[PDB]
Amino acid sequence: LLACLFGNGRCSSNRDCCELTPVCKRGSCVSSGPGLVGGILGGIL
């Protein structure tokens, strides 16, 4: 298994995080998830 270069909760970019946290926001790593609620194309269904 190899999907976590650090995982210390702090990162400088998205590549500075691990698999469990594919996103790097606020100098920290978290779950990226989907884009945003509502949706830019069709906010229904």
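No value in this document is a laboratory result; all are computed from the given coordinates. Cβ: placed from backbone, ideal geometry, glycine included. Neighbour counts: every protein chain shown.
Would you kindly calculate the mean projected area, averaged across all directions, of the convex hull enclosing the Cα atoms of the chain, in square nanometres?
Working: hull surface 17.0 nm².
Averaging across all directions leaves 4.2 nm² for the Cα convex hull.
Give me the one-decimal nm value for the distance between modelled label points at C18 and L5, 7 Å along each residue's Cα-to-Cβ direction.
If labels sit at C18 and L5, their model points lie 1.5 nm apart.
Around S28, which amide H atoms from residues at least 5 apart in sequence, or from another chain, sit under 5 Å from its own amide H, with H modelled in the peptide plane?
For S28, the qualifying residues are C11.
For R26 and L45, compute 0.36 nm times the residue count separating them, minus their Cα-Cα distance, and round to one decimal in nm.
Full extension of this stretch gives 3.8 nm more.
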